[PDB]
């Protein structure tokens, strides 16, 4: 749905402050003062950025990240550190971290980061509802139709496909005429795009 930033910091200085700043910037805000609460009320199918403290009672920022990874939730993470005596990992950096901001932070860089995170979440999101519906469409094909696709996009003509499947040429006209309709294409050109964009 909407674009929310989920602030997960134990500190009231932060959860309120950020809740406020981000709201004074177009965003809804959902605040949690522990990771596990978050995990419970997280709905993977809900667009947004996660702004996440690293040191927290219970599951640390990193450990929370490890779960989101484990359940293939890809909410981009913008971590926020407090200390020098700990460097983030290569796994933490690979585990979809957008940015690391120190506490307290240049309010413009947080703002920078949360955008960059939102942009990427909406991109990783489109490229999954797009490619899903492009496989809902392909699902609706039967098995005889799927042989008539895999032969057409290969360049064959009605008669040859027939004299290649041992069916009536008229069967093929209908088979093709159906494929086009299931797949919502109206031009051979498209057919071979969809079918290539698998």
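Positions refer to the first chain, counted from 1.
Annotation for 146 to 154 versus 62 to 70: the higher mean temperature factor (C-alpha) is found in 146 to 154. On average the C-alpha atoms of 19 to 27 have higher B-factors than those of the other stretch, with 19 to 27 and 6 to 14 being the two compared. Reading the B-factor column for the CA atoms of 46, 36, 130, 171 in the entry, the top value corresponds to 130. Of the candidates 80, 75, 98, 109, the deposited coordinates give 109 the top C-alpha B factor. Among all modelled residues in its chain, residue 164 ranks in the middle third by Cα B-factor.
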